[PDB]
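To keep things clear, I will list the structure first and then write my remarks on it.
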Amino acid sequence: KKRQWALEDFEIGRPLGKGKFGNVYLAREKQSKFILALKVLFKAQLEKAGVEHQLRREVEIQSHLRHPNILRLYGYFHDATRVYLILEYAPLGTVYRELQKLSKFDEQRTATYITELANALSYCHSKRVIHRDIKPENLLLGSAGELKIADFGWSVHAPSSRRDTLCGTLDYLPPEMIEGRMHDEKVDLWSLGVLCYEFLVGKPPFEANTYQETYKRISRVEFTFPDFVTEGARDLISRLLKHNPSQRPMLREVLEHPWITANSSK
Ligand SMILES: O=C(O)c1ccc(Nc2nccc(Nc3ccccc3OC(F)(F)F)n2)cc1
């Protein structure tokens with residue numbers, strides 16, 4: 001930032017969670033007593049998979065973003081064996097844990113999260129950063145219960161054509177990404193529809209038991225709605241889950257959607 005941290009500057013605390021790169025810890029900076037989170041990546045592990053350059057992207061991108069619905073990255077440092085990310089600490093944990101708790105969210109809490117997400121993504125898109133990995137496990141909650149986009153591990157500059165070896169769940173990836181094609185900001189609009197659906201239903205709309213058939217359901221956009229999903233909600237999700245990226249709405253239209261405005265507290 002201006003100056004260079006070391007492990008000895010921080011008292012480390014409770015393990016927050018993760019993960020196979022290394023874990024995330026609550027920590028406190030000794031001199032200021034500032035409370036934050038410290039993500040410990042293992043180097044040996046980053047190099048037994050040559051991901052060292054992706055971290056530099058994540059770090060570079062996330063550190064330059066200022067938005068109340070995006071998790072701050074303050075800086076980083078390393079020693080012999082590992083790298084440390086100094087992160088804003090989000091006190092209420094992941095959206096996933098919350099979703100697991102409530103099983104599903106009401107329309108008011110979904111619309112509010114979608115709004116918060118939409119604002120954060122709009123900001124991202126103004127810098128032509130595209131996220132590409134929006135999902136409950138990557139979204140944290142602030143002290144006021146506000147959604148924060150947390151993990152920028154897969155974010156990248158737009159437009160992009162990468163055939164990134166897609167290794168985790170397909171559940172949030174749009175057709176143009178699973179088929180390995182070129183893609184832009186509209187990726188995050190598809191993911192926003194997947195998320196909106198998952199928030200209301202409790203499961204992502206293309207969920208399946210194998211990767212191979214999730215792939216099929218996505219590329220053919222086969223989802224159905226349980227009876228309890230309201231018309232307004234169905235309408236927004238159908239607008240978002242469009243095979244053709246150019247037919248997906250702009251974030252502005254998401255924000256101005258009657259189902260959003262009627263239910264959003266934000
Ligand atoms: O369950 C809890 O007690 C809990 C309480 C507070 C926080 N808060 C928190 N603040 C900053 C970073 C961070 N990483 C993280 C932690 C666990 C899983 C995934 C993570 O990374 C992410 F968010 F990027 F995915 N977690 C997280 C969890």
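Each chain in the structure tokens gets a letter, A, B and so on, in the order shown; residues start at 1 in every chain, and ligands are counted from 1 in the order they appear.
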Distance filter 7 Å around ligand 1, atoms: only C-alpha atoms and all ligand atoms, out as an MDAnalysis selection string
chainID A and resid 16:18 24 37 87:94 97 137:140 150:151
Output of the above residues as a compact mmCIF listing (two decimals), in the first residue's frame, restricted to N, CA and C atoms:
```txt
# COMPACT_ATOMS: atom_id res chain seq x y z
N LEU A 16 -11.55 -18.94 10.16
CA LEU A 16 -12.85 -18.61 9.60
C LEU A 16 -13.37 -19.70 8.65
N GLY A 17 -12.48 -20.30 7.87
CA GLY A 17 -12.89 -21.36 6.97
C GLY A 17 -11.92 -21.64 5.85
N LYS A 18 -12.44 -22.23 4.77
CA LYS A 18 -11.61 -22.76 3.67
C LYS A 18 -10.64 -23.85 4.18
N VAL A 24 -8.44 -19.12 5.96
CA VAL A 24 -8.67 -17.72 6.30
C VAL A 24 -8.82 -17.58 7.82
N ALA A 37 -9.23 -10.02 8.47
CA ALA A 37 -9.05 -11.43 8.10
C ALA A 37 -7.77 -11.59 7.30
N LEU A 87 -7.25 -8.87 4.50
CA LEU A 87 -8.59 -8.64 4.01
C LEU A 87 -9.49 -7.96 5.03
N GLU A 88 -10.39 -7.12 4.53
CA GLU A 88 -11.51 -6.68 5.34
C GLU A 88 -12.15 -7.94 5.93
N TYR A 89 -12.54 -7.86 7.19
CA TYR A 89 -13.19 -8.95 7.89
C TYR A 89 -14.71 -8.73 7.79
N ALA A 90 -15.44 -9.71 7.28
CA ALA A 90 -16.90 -9.60 7.22
C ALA A 90 -17.49 -10.43 8.35
N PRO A 91 -18.14 -9.76 9.32
CA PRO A 91 -18.43 -10.46 10.59
C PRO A 91 -19.56 -11.49 10.54
N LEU A 92 -20.52 -11.43 9.61
CA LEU A 92 -21.60 -12.43 9.63
C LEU A 92 -21.39 -13.68 8.71
N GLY A 93 -20.19 -13.86 8.17
CA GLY A 93 -19.89 -15.09 7.46
C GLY A 93 -20.45 -15.14 6.03
N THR A 94 -20.50 -16.34 5.45
CA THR A 94 -20.88 -16.51 4.04
C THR A 94 -22.39 -16.53 3.83
N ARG A 97 -23.56 -20.27 4.13
CA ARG A 97 -23.95 -20.69 5.48
C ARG A 97 -25.36 -20.19 5.85
N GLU A 137 -21.04 -19.42 -1.81
CA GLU A 137 -19.77 -19.62 -1.11
C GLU A 137 -18.74 -18.48 -1.26
N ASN A 138 -18.94 -17.60 -2.23
CA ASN A 138 -18.01 -16.47 -2.47
C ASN A 138 -18.59 -15.12 -2.05
N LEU A 139 -19.71 -15.15 -1.34
CA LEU A 139 -20.36 -13.92 -0.93
C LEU A 139 -20.39 -13.86 0.60
N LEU A 140 -19.86 -12.78 1.18
CA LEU A 140 -19.82 -12.63 2.64
C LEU A 140 -20.91 -11.64 3.09
N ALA A 150 -16.79 -11.36 -2.34
CA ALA A 150 -15.60 -11.63 -1.58
C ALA A 150 -14.42 -12.16 -2.33
N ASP A 151 -14.65 -13.21 -3.12
CA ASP A 151 -13.57 -13.95 -3.75
C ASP A 151 -13.46 -13.58 -5.21
```
If we count only C-alpha atoms, what is near residue 219 (chain A) at a cut-off of 9 Å, once residues fewer than 4 positions away on the same chain are taken out, given as a short mmCIF file (atom, residue, chain, number, x, y, z; two decimals) with N, CA, C and O atoms, in the first residue's frame?
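File written: out_21.cif
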```cif
data_model
loop_
_atom_site.label_atom_id
_atom_site.label_comp_id
_atom_site.auth_asym_id
_atom_site.auth_seq_id
_atom_site.Cartn_x
_atom_site.Cartn_y
_atom_site.Cartn_z
N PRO A 174 -22.44 -19.64 -17.42
CA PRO A 174 -23.38 -19.50 -18.54
C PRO A 174 -22.95 -20.39 -19.73
O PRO A 174 -21.81 -20.88 -19.75
N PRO A 175 -23.85 -20.60 -20.71
CA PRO A 175 -23.54 -21.47 -21.85
C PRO A 175 -22.23 -21.10 -22.54
O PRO A 175 -21.41 -21.99 -22.77
N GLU A 176 -22.03 -19.81 -22.82
CA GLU A 176 -20.80 -19.36 -23.52
C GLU A 176 -19.49 -19.69 -22.79
O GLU A 176 -18.44 -19.82 -23.43
N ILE A 178 -19.15 -22.55 -20.51
CA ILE A 178 -18.96 -24.01 -20.48
C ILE A 178 -18.53 -24.54 -21.86
O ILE A 178 -17.75 -25.49 -21.96
N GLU A 179 -19.03 -23.92 -22.92
CA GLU A 179 -18.67 -24.29 -24.29
C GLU A 179 -17.31 -23.70 -24.69
O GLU A 179 -16.85 -23.89 -25.82
N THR A 214 -25.24 -31.69 -15.71
CA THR A 214 -25.37 -30.26 -15.43
C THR A 214 -24.99 -29.48 -16.69
O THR A 214 -25.67 -28.50 -17.06
N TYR A 215 -23.93 -29.92 -17.35
CA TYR A 215 -23.47 -29.28 -18.60
C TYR A 215 -24.62 -29.21 -19.60
O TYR A 215 -24.84 -28.18 -20.26
N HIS A 243 -30.00 -17.98 -23.13
CA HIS A 243 -28.83 -18.55 -23.79
C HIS A 243 -28.02 -17.46 -24.50
O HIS A 243 -26.79 -17.42 -24.39
#
```
Shell around residue 42 (chain A) at 7 Å using only C-alpha atoms, local window under 4 positions removed, as a PyMOL selection string
chain A and resi 21-22+46+81-83
Selected residues, C-alpha atoms, written as an mmCIF file, in the first residue's frame, please.
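Result file is part.cif:
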```cif
data_model
loop_
_atom_site.group_PDB
_atom_site.id
_atom_site.type_symbol
_atom_site.label_atom_id
_atom_site.label_comp_id
_atom_site.auth_asym_id
_atom_site.auth_seq_id
_atom_site.Cartn_x
_atom_site.Cartn_y
_atom_site.Cartn_z
ATOM 1 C CA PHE A 21 -5.023 -23.141 -1.063
ATOM 2 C CA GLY A 22 -4.799 -22.442 2.634
ATOM 3 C CA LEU A 46 0.337 -22.596 -5.600
ATOM 4 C CA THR A 81 6.713 -20.877 2.626
ATOM 5 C CA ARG A 82 3.492 -18.935 2.058
ATOM 6 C CA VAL A 83 1.676 -15.762 0.925
#
```
Taking 4 positions as the minimum chain separation for residues in the same chain, which residues sit within 12 Å of region 249-263 of chain A when counting only C-alpha atoms? Answer as a CSV table (one decimal) with N, CA, C and O atoms, in the first residue's frame.
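After the write, selection08.csv holds the following:
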```csv
chain,number,residue,atom,x,y,z
A,106,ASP,N,-36.6,-15.4,1.8
A,106,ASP,CA,-37.9,-14.8,1.4
A,106,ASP,C,-37.6,-13.8,0.2
A,106,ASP,O,-36.4,-13.5,-0.1
A,107,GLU,N,-38.7,-13.3,-0.4
A,107,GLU,CA,-38.5,-12.4,-1.5
A,107,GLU,C,-37.8,-11.1,-1.2
A,107,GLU,O,-37.1,-10.5,-2.0
A,108,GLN,N,-38.1,-10.6,0.1
A,108,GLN,CA,-37.5,-9.4,0.5
A,108,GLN,C,-36.0,-9.5,0.7
A,108,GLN,O,-35.2,-8.6,0.2
A,109,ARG,N,-35.5,-10.5,1.3
A,109,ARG,CA,-34.1,-10.8,1.5
A,109,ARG,C,-33.4,-11.1,0.2
A,109,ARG,O,-32.2,-10.7,0.0
A,110,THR,N,-34.1,-11.8,-0.7
A,110,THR,CA,-33.5,-12.1,-2.0
A,110,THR,C,-33.3,-10.8,-2.8
A,110,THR,O,-32.2,-10.5,-3.3
A,111,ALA,N,-34.4,-10.1,-3.0
A,111,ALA,CA,-34.4,-8.8,-3.7
A,111,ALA,C,-33.3,-7.9,-3.2
A,111,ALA,O,-32.6,-7.2,-3.9
A,112,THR,N,-33.2,-7.8,-1.9
A,112,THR,CA,-32.2,-6.9,-1.3
A,112,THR,C,-30.8,-7.4,-1.7
A,112,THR,O,-30.0,-6.6,-2.2
A,113,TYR,N,-30.5,-8.7,-1.5
A,113,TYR,CA,-29.2,-9.3,-1.9
A,113,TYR,C,-28.9,-9.1,-3.4
A,113,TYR,O,-27.8,-8.7,-3.8
A,114,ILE,N,-30.0,-9.3,-4.2
A,114,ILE,CA,-29.8,-9.1,-5.7
A,114,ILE,C,-29.4,-7.6,-6.0
A,114,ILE,O,-28.5,-7.3,-6.7
A,115,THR,N,-30.2,-6.7,-5.4
A,115,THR,CA,-29.8,-5.2,-5.5
A,115,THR,C,-28.4,-5.0,-5.1
A,115,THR,O,-27.6,-4.4,-5.8
A,116,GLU,N,-28.0,-5.5,-3.9
A,116,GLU,CA,-26.6,-5.2,-3.4
A,116,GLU,C,-25.6,-5.8,-4.4
A,116,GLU,O,-24.7,-5.2,-4.8
A,117,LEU,N,-25.9,-7.1,-4.9
A,117,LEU,CA,-25.1,-7.7,-5.9
A,117,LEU,C,-25.0,-6.9,-7.1
A,117,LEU,O,-23.9,-6.6,-7.7
A,118,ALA,N,-26.2,-6.4,-7.6
A,118,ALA,CA,-26.3,-5.7,-8.9
A,118,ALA,C,-25.4,-4.4,-8.8
A,118,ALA,O,-24.7,-4.0,-9.7
A,119,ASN,N,-25.6,-3.6,-7.7
A,119,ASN,CA,-24.7,-2.4,-7.5
A,119,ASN,C,-23.3,-2.8,-7.6
A,119,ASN,O,-22.5,-2.2,-8.3
A,120,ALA,N,-22.8,-3.8,-6.8
A,120,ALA,CA,-21.4,-4.2,-6.8
A,120,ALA,C,-20.9,-4.6,-8.2
A,120,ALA,O,-19.8,-4.3,-8.6
A,121,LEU,N,-21.8,-5.2,-9.0
A,121,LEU,CA,-21.3,-5.8,-10.3
A,121,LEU,C,-21.3,-4.6,-11.3
A,121,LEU,O,-20.4,-4.6,-12.1
A,122,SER,N,-22.2,-3.7,-11.2
A,122,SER,CA,-22.2,-2.5,-12.0
A,122,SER,C,-20.9,-1.7,-11.8
A,122,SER,O,-20.2,-1.3,-12.8
A,123,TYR,N,-20.5,-1.5,-10.6
A,123,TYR,CA,-19.2,-0.9,-10.2
A,123,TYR,C,-18.1,-1.7,-10.9
A,123,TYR,O,-17.3,-1.1,-11.6
A,124,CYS,N,-18.1,-3.0,-10.7
A,124,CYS,CA,-17.1,-3.8,-11.3
A,124,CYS,C,-17.0,-3.6,-12.9
A,124,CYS,O,-15.9,-3.5,-13.4
A,125,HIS,N,-18.2,-3.6,-13.5
A,125,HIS,CA,-18.3,-3.5,-14.9
A,125,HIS,C,-17.8,-2.2,-15.5
A,125,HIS,O,-17.4,-2.1,-16.6
A,126,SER,N,-17.9,-1.1,-14.7
A,126,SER,CA,-17.5,0.2,-15.0
A,126,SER,C,-16.0,0.2,-15.2
A,126,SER,O,-15.4,1.0,-16.0
A,185,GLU,N,-19.2,-9.1,-19.9
A,185,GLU,CA,-19.9,-8.8,-18.6
A,185,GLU,C,-21.2,-9.6,-18.5
A,185,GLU,O,-21.7,-9.8,-17.3
A,186,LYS,N,-21.8,-10.0,-19.6
A,186,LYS,CA,-23.1,-10.7,-19.6
A,186,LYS,C,-23.1,-12.0,-18.8
A,186,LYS,O,-24.1,-12.5,-18.3
A,187,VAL,N,-21.9,-12.6,-18.7
A,187,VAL,CA,-21.7,-13.7,-17.8
A,187,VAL,C,-22.2,-13.5,-16.4
A,187,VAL,O,-22.9,-14.3,-15.9
A,188,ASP,N,-21.9,-12.3,-15.8
A,188,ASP,CA,-22.3,-12.0,-14.5
A,188,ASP,C,-23.8,-11.8,-14.4
A,188,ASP,O,-24.4,-11.9,-13.3
A,189,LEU,N,-24.5,-11.5,-15.5
A,189,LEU,CA,-25.9,-11.3,-15.5
A,189,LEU,C,-26.6,-12.7,-15.4
A,189,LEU,O,-27.7,-12.9,-14.9
A,190,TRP,N,-26.0,-13.7,-16.1
A,190,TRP,CA,-26.5,-15.0,-16.1
A,190,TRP,C,-26.4,-15.5,-14.6
A,190,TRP,O,-27.3,-16.0,-14.0
A,192,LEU,N,-26.2,-13.9,-11.9
A,192,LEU,CA,-27.1,-13.2,-11.1
A,192,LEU,C,-28.5,-13.9,-11.1
A,192,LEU,O,-29.2,-14.0,-10.0
A,193,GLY,N,-28.9,-14.4,-12.2
A,193,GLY,CA,-30.2,-15.1,-12.4
A,193,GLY,C,-30.1,-16.5,-11.7
A,193,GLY,O,-31.0,-16.9,-11.0
A,196,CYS,N,-30.3,-15.7,-8.0
A,196,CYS,CA,-31.6,-15.2,-7.6
A,196,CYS,C,-32.5,-16.5,-7.4
A,196,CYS,O,-33.2,-16.6,-6.4
A,229,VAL,N,-42.6,-20.1,-6.3
A,229,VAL,CA,-41.9,-19.0,-6.8
A,229,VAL,C,-42.9,-18.0,-7.6
A,229,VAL,O,-43.5,-18.4,-8.6
A,230,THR,N,-43.0,-16.8,-7.1
A,230,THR,CA,-44.0,-15.8,-7.6
A,230,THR,C,-43.7,-15.4,-9.1
A,230,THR,O,-42.5,-15.5,-9.6
A,231,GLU,N,-44.7,-14.9,-9.8
A,231,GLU,CA,-44.6,-14.5,-11.2
A,231,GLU,C,-43.5,-13.4,-11.4
A,231,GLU,O,-42.8,-13.5,-12.4
A,232,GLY,N,-43.5,-12.4,-10.5
A,232,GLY,CA,-42.5,-11.4,-10.6
A,232,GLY,C,-41.1,-12.0,-10.6
A,232,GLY,O,-40.2,-11.6,-11.4
A,233,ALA,N,-40.8,-12.9,-9.7
A,233,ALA,CA,-39.5,-13.6,-9.5
A,233,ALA,C,-39.3,-14.4,-10.8
A,233,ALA,O,-38.2,-14.3,-11.4
A,234,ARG,N,-40.2,-15.2,-11.2
A,234,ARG,CA,-40.1,-16.0,-12.4
A,234,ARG,C,-39.7,-15.1,-13.5
A,234,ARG,O,-38.9,-15.5,-14.4
A,235,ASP,N,-40.3,-13.9,-13.6
A,235,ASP,CA,-40.1,-13.0,-14.7
A,235,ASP,C,-38.6,-12.5,-14.8
A,235,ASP,O,-38.0,-12.5,-15.8
A,236,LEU,N,-38.1,-12.1,-13.6
A,236,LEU,CA,-36.7,-11.6,-13.6
A,236,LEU,C,-35.7,-12.8,-13.9
A,236,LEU,O,-34.8,-12.6,-14.7
A,237,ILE,N,-35.9,-13.9,-13.3
A,237,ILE,CA,-35.0,-15.0,-13.5
A,237,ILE,C,-35.1,-15.5,-15.0
A,237,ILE,O,-34.0,-15.6,-15.6
A,238,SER,N,-36.3,-15.6,-15.6
A,238,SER,CA,-36.4,-15.9,-17.0
A,238,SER,C,-35.6,-14.9,-17.9
A,238,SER,O,-35.0,-15.2,-18.8
A,239,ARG,N,-35.8,-13.6,-17.5
A,239,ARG,CA,-35.1,-12.6,-18.2
A,239,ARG,C,-33.6,-12.8,-18.2
A,239,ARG,O,-32.8,-12.5,-19.1
A,240,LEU,N,-33.1,-13.2,-17.0
A,240,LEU,CA,-31.6,-13.3,-16.8
A,240,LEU,C,-31.1,-14.6,-17.5
A,240,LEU,O,-30.0,-14.6,-18.2
A,241,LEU,N,-31.7,-15.8,-17.3
A,241,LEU,CA,-31.3,-17.0,-17.8
A,241,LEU,C,-31.6,-17.2,-19.3
A,241,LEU,O,-32.4,-18.0,-19.7
A,242,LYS,N,-30.9,-16.4,-20.2
A,242,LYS,CA,-31.1,-16.4,-21.6
A,242,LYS,C,-29.8,-17.0,-22.2
A,242,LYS,O,-28.7,-16.5,-21.9
A,244,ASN,N,-28.7,-16.6,-25.2
A,244,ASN,CA,-28.0,-15.5,-26.0
A,244,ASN,C,-27.7,-14.3,-25.0
A,244,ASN,O,-28.6,-13.6,-24.6
A,245,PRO,N,-26.4,-14.1,-24.8
A,245,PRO,CA,-26.0,-13.1,-23.8
A,245,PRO,C,-26.6,-11.7,-24.1
A,245,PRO,O,-26.9,-11.0,-23.2
```
Hey, which of A:55, A:86, A:50, A:41 ends up closest to residue 29 (chain A)? Count only C-alpha atoms.
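Comparing A:55, A:86, A:50, A:41 against residue 29 (chain A), the winner is A:86.
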I'd like to know which residues of region 109-151 of chain A are strand (DSSP E or B) (by DSSP, run on the backbone); could you write them as a VMD selection string?
chain A and resid 129 to 130 139 to 141 147 to 149
Using DSSP on the backbone coordinates, identify the residues of region 163-232 of chain A assigned to helix (DSSP H, G or I); present them as number ranges by chain.
A: 175-178, 186-201, 211-219, 231-232
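Using only C-alpha atoms, the nearest neighbour of residue 144 (chain A) within the list A:216, A:68, A:84, A:177 is A:68.
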Non-local contacts of residue 105 (chain A) (10 Å; only C-alpha atoms; under 6 positions in same chain excluded) as JSON, numbers by chain
{"A": [98, 99, 111, 113, 196, 198, 199, 200, 201, 202]}
